[PDB]
Amino acid sequence: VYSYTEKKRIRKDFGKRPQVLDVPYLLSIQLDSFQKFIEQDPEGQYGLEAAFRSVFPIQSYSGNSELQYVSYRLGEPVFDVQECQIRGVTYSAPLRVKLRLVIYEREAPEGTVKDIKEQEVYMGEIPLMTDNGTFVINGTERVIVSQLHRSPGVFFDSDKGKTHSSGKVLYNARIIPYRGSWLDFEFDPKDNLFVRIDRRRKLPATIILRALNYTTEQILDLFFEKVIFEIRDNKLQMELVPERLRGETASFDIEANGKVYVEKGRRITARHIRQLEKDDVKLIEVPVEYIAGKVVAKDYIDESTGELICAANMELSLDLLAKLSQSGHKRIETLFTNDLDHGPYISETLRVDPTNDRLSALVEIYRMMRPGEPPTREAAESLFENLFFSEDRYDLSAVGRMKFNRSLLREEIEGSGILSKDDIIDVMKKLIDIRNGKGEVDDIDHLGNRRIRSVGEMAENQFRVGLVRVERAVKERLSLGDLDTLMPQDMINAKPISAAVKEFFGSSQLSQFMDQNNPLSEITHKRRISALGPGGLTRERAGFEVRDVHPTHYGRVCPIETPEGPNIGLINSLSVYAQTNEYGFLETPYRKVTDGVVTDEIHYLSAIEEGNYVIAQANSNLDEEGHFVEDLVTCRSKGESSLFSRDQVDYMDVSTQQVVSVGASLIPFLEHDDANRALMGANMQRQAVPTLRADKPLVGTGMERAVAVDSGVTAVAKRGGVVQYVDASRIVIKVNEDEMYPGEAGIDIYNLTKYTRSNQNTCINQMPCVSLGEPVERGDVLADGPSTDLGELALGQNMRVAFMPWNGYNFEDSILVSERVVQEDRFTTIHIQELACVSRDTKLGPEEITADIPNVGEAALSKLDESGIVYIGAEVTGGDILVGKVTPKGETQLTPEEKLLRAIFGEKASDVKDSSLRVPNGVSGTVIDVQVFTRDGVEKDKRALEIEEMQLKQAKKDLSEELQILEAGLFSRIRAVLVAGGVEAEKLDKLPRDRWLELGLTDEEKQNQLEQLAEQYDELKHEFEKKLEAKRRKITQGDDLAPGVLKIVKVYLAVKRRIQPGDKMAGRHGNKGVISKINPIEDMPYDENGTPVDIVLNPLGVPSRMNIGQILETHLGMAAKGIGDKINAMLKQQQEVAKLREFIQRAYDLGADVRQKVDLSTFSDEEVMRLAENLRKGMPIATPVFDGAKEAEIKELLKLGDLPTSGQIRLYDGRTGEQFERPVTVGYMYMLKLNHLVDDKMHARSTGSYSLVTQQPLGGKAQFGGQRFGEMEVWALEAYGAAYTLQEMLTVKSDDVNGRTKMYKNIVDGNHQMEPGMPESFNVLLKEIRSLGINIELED
Amino acid sequence: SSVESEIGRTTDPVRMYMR
Amino acid sequence: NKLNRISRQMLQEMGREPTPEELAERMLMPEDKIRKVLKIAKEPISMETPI
């Protein structure tokens, strides 16, 4: 069963795989994040509560005063969104905190206070988020882009055998915290362990172990295994553990229990080890030579003399063994070291390390961290203890602790955010294990090692920074001065916090203007995963390892949507179904597969857990239960594809389009395109300009309706009902009775947005798409936005294309356009500009907005009213005066000849200088709106008073109308109540409505209905009055402009650019091209019915570029328009409804085993006619991205019309009338119109304004600048013999101050000759060198 | 306390003044 | 400094930024010296600011 917005024009669907998970709300990222930020969180872990609990309470300098936090409350904004955009202010809400101040007493370290005081203190305004995920920061809509940064935790990277001659691999750990110093542990080519805190100078790695209060014996105990020795009256019998015997050759007669097991010279075999274990051998006898290199393990002191025989970690030799023989020691502990399994890394590091105990290690860390100042006993301890183990200056915090515990294979996933001795020891142990051979390194691009920040997290961090600066200020104020029974308002300042948060939201690498020239462009800007920004890798210092597409992007980040150019692969876009874990990592749906059945329960798997399982492919056949119809299914298990069994599978993909993003899932036949061309198409599909009459995609994907509705452009109904009055600017839905709350009398009022400008100067304007008295259900679309159509995203028009070379007018990539495309006004777009004229307060006097401008005639001033401001609706052109403004002038010291001229003609120069705002050259529009802002000390002119009166009348009429609709509904509901339980079929309509609210009722729940409705009516009655007074105050009051500006006038032109050679067009498959001609109608190729083609593309664009998508789209569009033309023919003569039913059913039953049964016998014989009317321009067709419509189905559809199966007809020539040989492809392709308009690119300059220090022209087209004759062009001119052109190109044209004017005079005298001189930039260079000590001069 | 002259291992013309 | 201190104090008395008209009667300046005080330029924005 279909919704009433889908029984109008229902898109034929060609997909075969039944979907099981509907597309999630596309903007969940921004909305969920900022909802987590501004939210009462009782167990404060995220939100403003986390910041307040983290930085509060603030304790004075032992002054027995603490400032402690209680709660907070977001106020409500003074201006809503529309008024914030009109007036030019941020959209924010005042944050108000309840703070409590205590003053303790004496003889009471924790004793009770002597006085408390709680006060609600205002601290800052945080900008709220609109319903669509965009902030309004200064009148404009900003979008904060998510970030993809490396997750906090421990990462055991490697070196991959570089940076050394021998090609050794140098492993190294790193401990990245969320806030605080780094801590590495790198090897060196001698296998000594080294630590470098904060990426500083290197140190031997046992320095930090000694700093953690470990002696040498404890270090050797932690990192090694003791090999005991014994002295059994001779022969040095040694305790044995059988496993350790591997990897060595027997250097002596290995015997025990009176039996020789392995002899000298023979290596130890694994079976020999098994024999030793089986024989149960504990103690053997080894020669004294075996201790020639065995490192001792603990200190030994001769008990006779009390002297240190041998310090720990010192190689035993024959002399030492003889010395400690008679010493009375029979136990000797050594270290078990091998060359492949237990290396002696820590022992060698101890030998290199020049420290001896805790104090010297702390001094060594101090000299490394803070060189120059002399270390002290307490300063070194405080530095080391505040480095890592202090909560004020080190946090991991929670994702960091989870990654840390999991990477060392620990049971728990939550702990202290600061380090500890065991954490550092375990990192060192794991690194040593990785060196030994067991374990693998962590690749730092695995999408399980890269988090995603969002707006909530970044705004929370910035607010925390604001809080800590206020904390320092408070703790300064709390200690000094007095006790004093002050209040916790004078102690706090609200400018630092508001400054910090506003500086984040308004100026950052991640807070950028929302490009707003589509629904698709907005909805793909809000879903961006940037890698740049604060705390992320810069563009210059990112290699090729992170620019690349990883096997973990499958279902999390799109592979074919990334901006080519300087940052390709740093600005990834989120996939369709991809979500965000609790911690921040990305995850994607999968279907749980039981024994053999593909269940339809959905599990989201992050990037790590996806590795363990085996996951089938999206397009795997299954029959009515879920059993895979094959015995082998193409799965992917360990990051690599492979063919597995039917029973080993564990999960199956949830849809065939879950890999590609939302921009690249709107391209039909993507599986036929290339990858570079698909990238270009996905990037050019979001620059399309909303045209005048947005049309439809004739070949779509089914992802259009979701993008249109989920983006905020359209006006989706909230509760179902019946349209009561639809206007060009208002829709009034009357809610169904069952969806109505007991109190209200529901009638929703939707106010449409009419002709406002977007950020890219285009126009956004909603038109209602519902008739009058037409039922609507919940979630229907009531107003097509910019570039949508009945709820389906439509970015451009579909026009009859033909693939043939046409006399060279489509040579390289150009396009030859018919003239019907400009006669029908289908690519004609509307652009809206804003021009401002500020009236400042100069030193010689204020400027004015008068209409009496000096020395200008009368035709220019004919379009200005009495107050010097242009009318509304006045068709201005380039150069006309919009706002007449004159500034005061000095004396100007006029030349003698002009003095004589004035003396002759008696004319007197005026004392004011004309500086009026005038239309920029080139544009020619209609003025649609004028806004006047006046500072609150200036007498408003007549036009500002007229605008105020219009605004006030409009507001009063609006509120009266609101109360009229609502009162009509309220009394309708009251009358409907009066029909049952107190029926008055004729006793009611006679008396006036003012007494309908005061009648009787019976003892039911219906008793408390008339009273409720009456009281709601009274509430609305007073609410109208209060809203009216509020609006009148907000209108009649003055503005608050910049300091020193009296009034601002803003004029909105509405240009309308059509089409011309130069304008860039493109399809969806990345086939761009500049329009090259506008051919007359009678010169285009025509088939045997006389219909010309509208666009003639080039064949040779297809084979070299391999975007075969466009040709299949052309064939399918031809089939769709053939169905449309057949329906139109059946509808032109009024045949019947049965014939229409039969044909449309046959058109909807193609092809081979599709979904979406569309049985038309349930349509009511009148909804068939509306459907046929909406299909008379061509039946829309849906081709899901990788599910596709096969070529055989396109042939069958072409046969269902009458078009030729081959897809190619025979076209005749326009001018000669004789047919082209070799039949050519025609069909309807869907073409966009990118906003690289020619009349924004074209520029020319003869002479304008020159720069300040180096007298050279300025930059392009906004300051009337000249083109840059750079270095490569100078080499090109030197390669010729062109020495005179070069000399004029860098002295007279550009830089030489006298040559410019002399050349201009010589040109206007008809004498082409130059007198070059010397450039001014060279004199600037001479002064800037000579201003060092370097004397440079020009000697002849 | 512990001292090995320290001149000069650092720039920082305020650290020199404090020393 | 006196003007900024009074403006900071009035920011948390009424909850929003205080207008010159109000600052005039919160001090003894005659409502136009406040404008010329507020008009004193801020420190010159450096001519190497990336745009």
# chains A, B, ... in the order shown; residues from 1 in each chain; ligands from 1
>>> interface_residues(of="chain C", to="chain A", cutoff="10 Å", atoms="only C-alpha atoms", output="VMD selection string")
chain C and resid 8 to 9 11 to 16 19 to 21 35 to 41
>>> select_by_dssp(residues="chain B", states="alpha helix (DSSP H)", output="list in words")
residues 15, 16, 17 and 18 of chain B
>>> interface_residues(of="chain A", to="chain B", cutoff="7 Å", atoms="only C-alpha atoms", output="PyMOL selection string")
chain A and resi 371-376
>>> residues_around(residues="region 546-555 of chain A", least_positions_apart="3", cutoff="8 Å", atoms="only C-alpha atoms", output="list in words")
residues 445, 446, 447, 542, 543, 558, 559, 568, 569, 570, 575, 576, 577, 578, 587, 588, 607, 639, 640, 658, 659 and 660 of chain A
>>> write_last_selection(atoms="N, CA, C and O atoms", output="JSON list (two decimals), in the first residue's frame")
[["chain", "number", "residue", "atom", "x", "y", "z"],
["A", 445, "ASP", "N", 46.27, 3.32, 10.16],
["A", 445, "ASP", "CA", 45.16, 3.73, 9.31],
["A", 445, "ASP", "C", 43.93, 2.87, 9.47],
["A", 445, "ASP", "O", 42.88, 3.22, 8.94],
["A", 446, "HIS", "N", 44.04, 1.74, 10.16],
["A", 446, "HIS", "CA", 42.91, 0.89, 10.48],
["A", 446, "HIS", "C", 41.80, 1.71, 11.11],
["A", 446, "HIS", "O", 42.01, 2.37, 12.13],
["A", 447, "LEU", "N", 40.61, 1.67, 10.51],
["A", 447, "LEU", "CA", 39.50, 2.51, 10.96],
["A", 447, "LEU", "C", 39.02, 2.14, 12.36],
["A", 447, "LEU", "O", 38.05, 2.71, 12.85],
["A", 542, "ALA", "N", 51.23, 15.09, 5.57],
["A", 542, "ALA", "CA", 50.55, 13.81, 5.50],
["A", 542, "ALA", "C", 51.07, 13.07, 4.28],
["A", 542, "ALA", "O", 51.10, 13.63, 3.18],
["A", 543, "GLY", "N", 51.46, 11.81, 4.47],
["A", 543, "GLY", "CA", 52.15, 11.09, 3.42],
["A", 543, "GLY", "C", 51.23, 10.57, 2.35],
["A", 543, "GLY", "O", 50.30, 11.26, 1.93],
["A", 558, "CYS", "N", 33.12, 6.39, 2.14],
["A", 558, "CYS", "CA", 32.96, 6.16, 0.72],
["A", 558, "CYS", "C", 34.32, 6.09, 0.03],
["A", 558, "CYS", "O", 35.24, 6.82, 0.40],
["A", 559, "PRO", "N", 34.49, 5.22, -0.95],
["A", 559, "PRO", "CA", 35.75, 5.17, -1.70],
["A", 559, "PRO", "C", 35.80, 6.14, -2.87],
["A", 559, "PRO", "O", 36.90, 6.51, -3.31],
["A", 568, "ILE", "N", 43.25, 15.17, -1.37],
["A", 568, "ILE", "CA", 42.47, 14.05, -1.85],
["A", 568, "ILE", "C", 42.70, 12.89, -0.89],
["A", 568, "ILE", "O", 43.82, 12.39, -0.76],
["A", 569, "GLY", "N", 41.65, 12.48, -0.21],
["A", 569, "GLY", "CA", 41.78, 11.45, 0.79],
["A", 569, "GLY", "C", 41.86, 11.96, 2.20],
["A", 569, "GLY", "O", 41.95, 11.15, 3.13],
["A", 570, "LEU", "N", 41.83, 13.27, 2.40],
["A", 570, "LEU", "CA", 41.75, 13.84, 3.73],
["A", 570, "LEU", "C", 40.36, 14.34, 4.08],
["A", 570, "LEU", "O", 40.11, 14.65, 5.24],
["A", 575, "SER", "N", 29.60, 7.04, 4.73],
["A", 575, "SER", "CA", 28.82, 6.14, 3.90],
["A", 575, "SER", "C", 27.34, 6.31, 4.22],
["A", 575, "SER", "O", 26.95, 7.17, 5.01],
["A", 576, "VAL", "N", 26.49, 5.49, 3.61],
["A", 576, "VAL", "CA", 25.05, 5.69, 3.78],
["A", 576, "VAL", "C", 24.60, 5.17, 5.13],
["A", 576, "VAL", "O", 23.99, 5.90, 5.92],
["A", 577, "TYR", "N", 24.88, 3.91, 5.43],
["A", 577, "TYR", "CA", 24.41, 3.27, 6.64],
["A", 577, "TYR", "C", 25.35, 3.44, 7.82],
["A", 577, "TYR", "O", 25.03, 2.97, 8.91],
["A", 578, "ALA", "N", 26.50, 4.08, 7.63],
["A", 578, "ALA", "CA", 27.53, 4.09, 8.66],
["A", 578, "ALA", "C", 27.10, 4.93, 9.85],
["A", 578, "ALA", "O", 26.59, 6.03, 9.69],
["A", 587, "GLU", "N", 30.93, 2.31, 12.58],
["A", 587, "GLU", "CA", 30.40, 0.95, 12.51],
["A", 587, "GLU", "C", 29.28, 0.93, 11.49],
["A", 587, "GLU", "O", 28.76, 1.96, 11.09],
["A", 588, "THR", "N", 28.91, -0.28, 11.07],
["A", 588, "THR", "CA", 28.02, -0.46, 9.94],
["A", 588, "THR", "C", 27.17, -1.71, 10.14],
["A", 588, "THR", "O", 27.63, -2.66, 10.77],
["A", 607, "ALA", "N", 35.07, -1.44, 13.44],
["A", 607, "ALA", "CA", 36.09, -1.82, 12.48],
["A", 607, "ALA", "C", 36.97, -2.96, 12.97],
["A", 607, "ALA", "O", 37.65, -3.59, 12.17],
["A", 639, "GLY", "N", 40.09, -9.17, 6.04],
["A", 639, "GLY", "CA", 40.47, -8.07, 5.20],
["A", 639, "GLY", "C", 40.77, -8.46, 3.77],
["A", 639, "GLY", "O", 41.33, -7.65, 3.03],
["A", 640, "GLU", "N", 40.44, -9.68, 3.37],
["A", 640, "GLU", "CA", 40.64, -10.11, 2.00],
["A", 640, "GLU", "C", 39.44, -10.93, 1.55],
["A", 640, "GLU", "O", 38.90, -11.72, 2.32],
["A", 658, "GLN", "N", 25.55, -0.20, 0.67],
["A", 658, "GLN", "CA", 26.01, 0.32, 1.95],
["A", 658, "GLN", "C", 27.47, 0.75, 1.91],
["A", 658, "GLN", "O", 27.96, 1.26, 2.92],
["A", 659, "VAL", "N", 28.16, 0.55, 0.79],
["A", 659, "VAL", "CA", 29.56, 0.96, 0.71],
["A", 659, "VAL", "C", 29.68, 2.40, 0.25],
["A", 659, "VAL", "O", 30.46, 3.17, 0.81],
["A", 660, "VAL", "N", 28.91, 2.81, -0.75],
["A", 660, "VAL", "CA", 29.02, 4.13, -1.34],
["A", 660, "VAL", "C", 28.27, 5.14, -0.49],
["A", 660, "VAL", "O", 27.36, 4.80, 0.26]]
>>> residues_around(residues="residue 322 (chain A)", least_positions_apart="6", cutoff="12 Å", atoms="only C-alpha atoms", output="list in words")
residues 231, 234, 236, 288, 289, 291, 292, 309, 316, 328 and 329 of chain A
>>> atom_distance(atom1="CA of residue 792 (chain A)", atom2="CA of residue 688 (chain A)")
15.4 Å
>>> residues_around(residues="residue 1025 (chain A)", least_positions_apart="4", cutoff="12 Å", atoms="only C-alpha atoms", output="number ranges by chain")
A: 955-956, 959-960, 962-963, 1018-1021, 1029-1032
>>> atom_distance(atom1="CA of residue 1286 (chain A)", atom2="CA of residue 1270 (chain A)")
11.7 Å
>>> residues_around(residues="residue 366 (chain A)", least_positions_apart="6", cutoff="8 Å", atoms="only C-alpha atoms", output="PyMOL selection string")
chain A and resi 375+380+383-384
>>> write_last_selection(atoms="N, CA, C and O atoms", output="CSV table (one decimal), in the first residue's frame")
chain,number,residue,atom,x,y,z
A,375,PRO,N,68.8,22.1,38.3
A,375,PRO,CA,67.8,21.3,39.0
A,375,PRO,C,67.9,21.4,40.5
A,375,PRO,O,68.9,21.5,41.1
A,380,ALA,N,62.6,18.8,40.6
A,380,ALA,CA,62.7,17.6,39.7
A,380,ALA,C,61.5,16.7,40.0
A,380,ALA,O,60.9,16.2,39.1
A,383,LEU,N,58.3,18.2,38.8
A,383,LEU,CA,58.1,18.1,37.3
A,383,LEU,C,57.7,16.7,36.9
A,383,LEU,O,56.8,16.5,36.1
A,384,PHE,N,58.5,15.7,37.4
A,384,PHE,CA,58.1,14.3,36.9
A,384,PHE,C,56.7,13.9,37.4
A,384,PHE,O,56.0,13.3,36.6
>>> residues_around(residues="residue 360 (chain A)", least_positions_apart="5", cutoff="9 Å", atoms="only C-alpha atoms", output="list in words")
residues 207, 210, 211, 355 and 365 of chain A
>>> atom_distance(atom1="CA of residue 784 (chain A)", atom2="CA of residue 9 (chain A)")
14.6 Å
>>> decode(residues="region 1231-1256 of chain A", atoms="N, CA and C atoms", output="compact mmCIF listing (two decimals), in the first residue's frame")
# COMPACT_ATOMS: atom_id res chain seq x y z
N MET A 1231 20.87 16.10 -17.60
CA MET A 1231 21.99 17.03 -17.61
C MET A 1231 21.82 18.12 -16.56
N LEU A 1232 22.90 18.41 -15.85
CA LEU A 1232 22.93 19.42 -14.80
C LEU A 1232 23.41 20.75 -15.38
N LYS A 1233 23.54 21.75 -14.53
CA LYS A 1233 24.11 23.04 -14.93
C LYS A 1233 24.96 23.57 -13.78
N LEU A 1234 26.26 23.29 -13.83
CA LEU A 1234 27.13 23.65 -12.73
C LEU A 1234 27.26 25.16 -12.63
N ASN A 1235 27.60 25.66 -11.45
CA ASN A 1235 27.69 27.10 -11.27
C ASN A 1235 29.09 27.63 -11.56
N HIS A 1236 29.66 27.18 -12.66
CA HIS A 1236 30.76 27.89 -13.28
C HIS A 1236 30.24 28.72 -14.45
N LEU A 1237 29.37 29.66 -14.11
CA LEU A 1237 28.76 30.51 -15.12
C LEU A 1237 29.82 31.40 -15.75
N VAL A 1238 29.64 31.71 -17.03
CA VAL A 1238 30.66 32.47 -17.73
C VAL A 1238 30.70 33.91 -17.26
N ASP A 1239 29.55 34.51 -16.97
CA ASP A 1239 29.53 35.91 -16.58
C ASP A 1239 29.97 36.14 -15.15
N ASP A 1240 30.43 35.10 -14.46
CA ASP A 1240 31.22 35.27 -13.25
C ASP A 1240 32.71 35.11 -13.50
N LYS A 1241 33.09 34.52 -14.63
CA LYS A 1241 34.50 34.29 -14.93
C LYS A 1241 35.09 35.39 -15.80
N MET A 1242 34.32 35.93 -16.73
CA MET A 1242 34.85 36.89 -17.68
C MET A 1242 35.24 38.18 -16.98
N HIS A 1243 36.42 38.69 -17.31
CA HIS A 1243 36.96 39.87 -16.66
C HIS A 1243 37.92 40.53 -17.63
N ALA A 1244 38.03 41.85 -17.53
CA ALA A 1244 38.96 42.59 -18.36
C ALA A 1244 39.31 43.90 -17.68
N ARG A 1245 40.54 44.36 -17.89
CA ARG A 1245 41.02 45.56 -17.22
C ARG A 1245 41.99 46.30 -18.12
N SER A 1246 41.77 47.60 -18.29
CA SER A 1246 42.75 48.47 -18.94
C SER A 1246 43.56 49.26 -17.93
N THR A 1247 42.90 49.87 -16.95
CA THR A 1247 43.59 50.61 -15.91
C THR A 1247 42.67 50.75 -14.71
N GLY A 1248 43.18 50.42 -13.53
CA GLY A 1248 42.37 50.52 -12.33
C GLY A 1248 43.16 50.97 -11.12
N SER A 1249 42.99 50.26 -10.01
CA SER A 1249 43.62 50.61 -8.75
C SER A 1249 44.90 49.81 -8.57
N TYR A 1250 45.89 50.43 -7.94
CA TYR A 1250 47.20 49.84 -7.78
C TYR A 1250 47.49 49.58 -6.31
N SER A 1251 48.33 48.58 -6.05
CA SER A 1251 48.60 48.17 -4.68
C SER A 1251 49.37 49.25 -3.94
N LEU A 1252 49.63 49.00 -2.66
CA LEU A 1252 50.05 50.05 -1.74
C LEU A 1252 51.56 50.20 -1.65
N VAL A 1253 52.26 49.12 -1.33
CA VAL A 1253 53.71 49.20 -1.14
C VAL A 1253 54.45 48.96 -2.45
N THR A 1254 54.09 47.92 -3.19
CA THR A 1254 54.60 47.69 -4.54
C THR A 1254 53.52 48.11 -5.51
N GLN A 1255 53.76 49.18 -6.25
CA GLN A 1255 52.72 49.80 -7.06
C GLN A 1255 52.42 48.91 -8.27
N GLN A 1256 51.69 47.84 -8.02
CA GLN A 1256 51.27 46.87 -9.02
C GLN A 1256 49.78 46.64 -8.90
